[PDB]
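To keep things clear, I will list the structure first and then write my remarks on it.
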Amino acid sequence: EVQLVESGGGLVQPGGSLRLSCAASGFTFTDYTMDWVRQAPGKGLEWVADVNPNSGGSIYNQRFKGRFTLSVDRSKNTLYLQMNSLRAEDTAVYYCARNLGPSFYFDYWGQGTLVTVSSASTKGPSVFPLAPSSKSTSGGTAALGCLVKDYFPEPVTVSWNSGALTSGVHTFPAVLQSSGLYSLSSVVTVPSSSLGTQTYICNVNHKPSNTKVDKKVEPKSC
Amino acid sequence: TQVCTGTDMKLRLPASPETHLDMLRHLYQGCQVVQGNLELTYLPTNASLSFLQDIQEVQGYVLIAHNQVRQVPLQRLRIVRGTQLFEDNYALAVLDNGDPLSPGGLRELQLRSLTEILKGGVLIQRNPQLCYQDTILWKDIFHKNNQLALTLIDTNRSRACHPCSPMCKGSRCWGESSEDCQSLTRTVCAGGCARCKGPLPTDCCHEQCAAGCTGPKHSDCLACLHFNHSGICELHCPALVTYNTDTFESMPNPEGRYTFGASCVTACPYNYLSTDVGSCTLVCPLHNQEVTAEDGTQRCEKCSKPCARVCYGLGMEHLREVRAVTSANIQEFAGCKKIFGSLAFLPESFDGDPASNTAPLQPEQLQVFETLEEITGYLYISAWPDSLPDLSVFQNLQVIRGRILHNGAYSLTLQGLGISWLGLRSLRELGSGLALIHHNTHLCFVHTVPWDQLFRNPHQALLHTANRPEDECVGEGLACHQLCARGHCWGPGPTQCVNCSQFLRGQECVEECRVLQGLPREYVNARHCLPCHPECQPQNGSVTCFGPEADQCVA
Amino acid sequence: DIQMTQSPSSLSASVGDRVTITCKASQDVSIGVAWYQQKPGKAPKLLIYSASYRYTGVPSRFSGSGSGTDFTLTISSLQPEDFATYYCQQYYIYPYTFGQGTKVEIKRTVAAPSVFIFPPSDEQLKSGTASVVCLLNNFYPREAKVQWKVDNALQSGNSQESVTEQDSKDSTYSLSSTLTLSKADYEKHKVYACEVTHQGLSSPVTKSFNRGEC
Ligand SMILES: *[C@@H]1O[C@H](CO)[C@@H](O[C@@H]2O[C@H](CO)[C@@H](O)[C@H](O)[C@H]2NC(C)=O)[C@H](O)[C@H]1NC(C)=O
Ligand SMILES: *[C@H]1O[C@H](CO)[C@@H](O[C@@H]2O[C@H](CO)[C@@H](O)[C@H](O)[C@H]2NC(C)=O)[C@H](O)[C@H]1NC(C)=O
Ligand SMILES: *[C@@H]1O[C@H](CO)[C@@H](O)[C@H](O)[C@H]1NC(C)=O
């Protein structure tokens, strides 16, 4: 099986430097050129560059002349994309792909590493439960959940009751606030005939924060 | 000739022991860089291994195992790269080198130039007469970047060791001798230096060097870390193409080279294929294709259209893991003129496998191979239907390339058959690797093949034993047909000549064409009998036609 | 620099339909076009190369056609997995550029959202700001107007919309106009409520919540 694995993504301050790796297997590495293609959140695919393992030479997108640099280490079938003077517009998923015919279309694409360029200091999500109202029935159905405001950066994996509840879960995709911090609202639709019996706990997991703020969601005093 | 291909047999024991040392001699005789693995196994007590005294570099791993020789003379071995590792872990492996219960067995490692192990570790176990291996500073040999730099060493012994030469600074030595002191190259360097030739900062090696140096330049390396660009050590090879940097349009670069092993190369060596991307390989990359370019050389060009379909053999694509030709896969080769891969006929081919309902391959089914002209891997026949006295289903096989070799050594293997002659009457070239023909009891017409002419490099040979003795064959009245030039043939009959003495009518050697006194009257075109149009009036003791068409007839 | 322009931007088909996407090169690129498929979270897969040639193992229904400027992708009959995003890319000429993309989306019978509203938690009200939601649940299609109104008057410029990806089973969306404001502006008005316009609804409805007793 051919495989490629990007690693080395993260959060950098504007101007700062960063380096991404792409390790490869399942094929003769020295027989193909390899490429970086990036994808800014919600947008499409911009090609970055094409490094050759034999020559060590890259063919790069003019947009990046003198900021992004490419390197190969054929001893470990690994590419390296070195970004300097990083800015907002660079914030994206960075796929590493195989230049097929050394024409410029690509077959196997890696999972892709995400790079986030922002001044915002790493701040853990504060979880506030969304407790249902008294007139919250459509005929016998209610909804609840946990909202994770003011976190940074992406993402947070929210789950429910440790792992046994997935039926009806709607983890709303976040939107970046003016604060430069993240906010969402994870909601679940569960039968209204049993609210004061089953303890609903949400399992919040922020990776750059090391936080795990679990919150029980109980009815309101109305 | 400095560069050679090593073996891939591991601890498997030699299929023909009588020619095992001879195989090794032919392989490594006067070779300095060993692409692949140096596997020295099953060498008897007396074996002269003088032929190894020229190896500087082993690309893969070194396996010295199951030997009774007291000494293997690898004193000039400097670097082992560990591209592949024994047991996926060891760059060097020395195992069970004792007597199988004056005593035989390896005594000293004597690896006095081994200064660099790039990848993988060292395994030394069960060598009852071996001394001084617990003496070496192994940390020094492993490169700074060797991520599997580990040791597993056994010091079980059946003899008392003597100390190192008093001349050795520390406990360190590769043997009893003074010229055996371990020379250090990593642990004793000034500053960050990866390798050096002494304690001083000026004694430091170039960053691109690999085993140490004779001075500070990149032309003073004992070994190249990455590539050897015509004497200078570098990280990459000069691009095949020069770029604009604004337009990114490319002129061809006359200085450009291809990567072959650990050296930049003007053009890929004989059996290999150059690549649009700047490399030398044995399998064209995807969306590329093998083409016989405007020389005669093979080359990997891009396919505009989808690449044309190709017959894959064993060890290739969907037959990557398949051990032998069976009734389950034989039809797959139907019509194939060239097989990308190899074909192996084993006993399990012809006695079936009950287990997973696979019918015994019936002999008439072998007729599929009658269109076959080329094999890129190897041919291996350890079984063949008794009713067939020759390999004449391969009748039209012209080349076996040997881009893949069996056990990493042999391109043609015929063992245990009882065919009476070969009949491979079209085989003109064994591209690389050895031919091994042993234990075919009724086999004749072996000495009649000019193997000499099939080969393409000095390391090739026909190793052969335990066949029918040639004097026994002639003595049974067996011979090349009178019409075979220089006495050479692949079997009985005028069909079997290596080069036809007179004229070719079909694949048949004939004394005379049918020019003046024949049934279907014929013309001669460069030593070939060719018929006229069936409607040309035959002439009484005269030329009937000048060519094949109707305008060339006499009436 | 070369533009590949894809049409339409999004499209709604049902399973079993034929689906055609156009991609228009700004400049003659002979047959140097490939086609990619991509799903949320996943990486691109190559489907067509050389404008018209199936990559290994790509199912037969996928076909690429055309040459020069106008290029076309046609899924002969849609299958459940096909619902995804399709990009085209010219590679004929440097620098290599991709189309802006096409979302193929699963069409269903028209539905209506079960409007909700949610109050800020007890632990949040002592921070300095407040958040009130509007969760529209399980509706089709995506087209929906949302505008908040505090007590009497409407509002604009403090809410942001957030929509789920299509549901895997019942194939609907969901929205959430999270309304954010200061605590000092919170302890100044009684009843908040949003109004929901939907092609499925006959009336823009409202759902109530009271600050006085909750
Ligand atoms: C790198 O390549 C050069 C040239 O191929 C090697 O230099 C040769 O060394 C051999 C002995 O092995 C001599 O026969 C020649 O005199 C040399 N050739 C020339 C003209 O340079 C060199 O040994 C190789 N290895 C390294 C690491 O330098
Ligand atoms: C080295 O020592 C080993 C133990 O590590 C010896 O082990 C056994 O010794 C007896 C008597 O000599 C033998 O008959 C057994 O075969 C040995 N067992 C095994 C499993 O190795 C060993 O003999 C010593 N030397 C050798 C021959 O390598
Ligand atoms: C056959 O004869 C020709 C020379 O006329 C030569 O090319 C070849 O080496 C000979 N033997 C073989 C290998 O067929």
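Protein chains in written order, with the deposited numbering: chain D, 1 to 52, 52A, 53 to 82, 82A to 82C, 83 to 99, 99A to 99B, 100 to 216; chain A, 1 to 101, 111 to 564; chain C, 1 to 214.
All residues carry an ideal CB built from backbone N, CA and C; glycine is no exception.
If I'm right that residue i touches residue j with Cβ under 8 Å, what's the distance once you round it to whole angstroms?
| i | j | result |
| --- | --- | --- |
| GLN90 of chain C | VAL33 of chain C | 5 Å |
| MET4 of chain C | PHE98 of chain C | 6 Å |
| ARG70 of chain A | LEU115 of chain A | 7 Å |
| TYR49 of chain C | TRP47 of chain D | Not a contact, Cβ separation roughly 15 Å. |
| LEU96 of chain D | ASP101 of chain D | 5 Å |
| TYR90 of chain D | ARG38 of chain D | 5 Å |
| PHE118 of chain C | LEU135 of chain C | 7 Å |
So if DSSP puts residue i in a beta bridge, which residue, or which two residues, is it bridged to?
| i | result |
| --- | --- |
| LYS178 of chain A | In DSSP, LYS178 of chain A forms no bridge with anything. |
| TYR90 of chain A | A:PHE86, A:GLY130 |
| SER7 of chain D | D:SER21 |
| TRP47 of chain D | D:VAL37 |
| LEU525 of chain A | Its beta-bridge partners do not exist; DSSP assigns none. |
| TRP430 of chain A | Answer is none; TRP430 of chain A lacks a bridge partner. |
| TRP148 of chain C | C:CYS194 |
| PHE122 of chain D | D:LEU141 |
| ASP17 of chain C | Per DSSP, none; premise fails for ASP17 of chain C. |
| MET82 of chain D | D:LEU18, D:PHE67 |
| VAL250 of chain A | A:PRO261 |
| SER12 of chain C | C:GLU105 |
Helix, strand or coil: which one does DSSP assign to residue i?
| i | result |
| --- | --- |
| residue 629 of chain A | Residue 629 of chain A falls outside the range modelled here, since chain A spans only 1 to 564, and no answer is possible. |
| residue 105 of chain A | This model leaves out residue 105 of chain A; its place in chain A lies between 101 and 111, and no residues are given there. |
| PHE454 of chain A | coil |
| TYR192 of chain C | strand |
| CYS216 of chain D | coil |
| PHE359 of chain A | helix |
| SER156 of chain D | helix |
| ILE413 of chain A | coil |
| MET4 of chain C | strand |
| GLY65 of chain D | coil |
| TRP393 of chain A | coil |
| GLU558 of chain A | coil |
| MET23 of chain A | helix |
| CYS482 of chain A | helix |
| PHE27 of chain D | coil |
| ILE31 of chain C | coil |
| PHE51 of chain A | helix |
| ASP189 of chain A | helix |
| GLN462 of chain A | helix |
Report whether the distance from the Cβ of residue i to the nearest heavy atom of ligand 1 is below 7 Å.
| i | result |
| --- | --- |
| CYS233 of chain A | yes |
| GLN35 of chain A | no |
| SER239 of chain A | yes |
| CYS242 of chain A | yes |
| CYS230 of chain A | yes |
| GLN2 of chain A | yes |
| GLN29 of chain A | no |
| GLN32 of chain A | yes |
Is the closest heavy atom of ligand 2 to the C-beta of residue i under 7 Å?
| i | result |
| --- | --- |
| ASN76 of chain D | no |
So is the beta-carbon of residue i under 7 Å away from any non-hydrogen atom of ligand 3?
| i | result |
| --- | --- |
| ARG437 of chain A | yes |
| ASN508 of chain A | yes |
| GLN561 of chain A | no |
| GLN462 of chain A | yes |
Exercise for the section: Kindly provide the chain-ordered list of residues whose Cβ lies closer than 5 Å to any non-hydrogen atom of ligand 2. Expected result: A:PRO137, A:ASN165
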